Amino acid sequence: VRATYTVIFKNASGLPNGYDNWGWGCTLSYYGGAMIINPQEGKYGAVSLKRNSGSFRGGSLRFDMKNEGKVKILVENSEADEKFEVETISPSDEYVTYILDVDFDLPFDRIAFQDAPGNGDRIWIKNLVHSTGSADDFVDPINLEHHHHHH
């Protein structure tokens, strides 16, 4: 019952180690540790972070995000040709941390962030982690590693 946390990236200066991007309709740039998604207008651009090898199953996704528009979070199984909408996130000027249960009943090898309104709103992502356990049971190894010196 020990949860496995998989840190996908903290600060990004490029595509996460062991991942490719199998989305469309965006350009990517990296500054301030953020993966900066620039969707093109009219494309509903997505970044689909594709594991080179293996799959996650269930549990929960943790990440920081700011975004000028609504963002659709998905997981996908490449082999089964199956997508699952995890959540749609409202616009925010400031980074907000989300921890979201993945209720998909299949393994997933892809985690996607999509420009839902398709108007080209930018999206900024940092600190992407997967846990095998639930959102309520998530003990963030990222925030824990900031305050370890104190308590």
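All residue numbers are counted from 1 along the displayed sequence.
- Per-stretch averaging of Cα B factors for 95 to 103 and 81 to 89 places 81 to 89 on top.
- For the pair 18 to 26 and 134 to 142, the record assigns the higher mean C-alpha temperature factor to 134 to 142.
- Ranked against the other modelled residues of its chain, the C-alpha B-factor of residue 70 as given in the entry falls in the middle third.
- Compared with the other modelled residues of the chain, the Cα B-factor recorded for residue 62 ranks in the lowest third.
- Among all modelled residues in this chain, the alpha-carbon of residue 44 has a temperature factor (C-alpha) in the middle third.
- In the deposited entry, the Cα temperature factor of residue 52 places it in the highest third of its chain's modelled residues.
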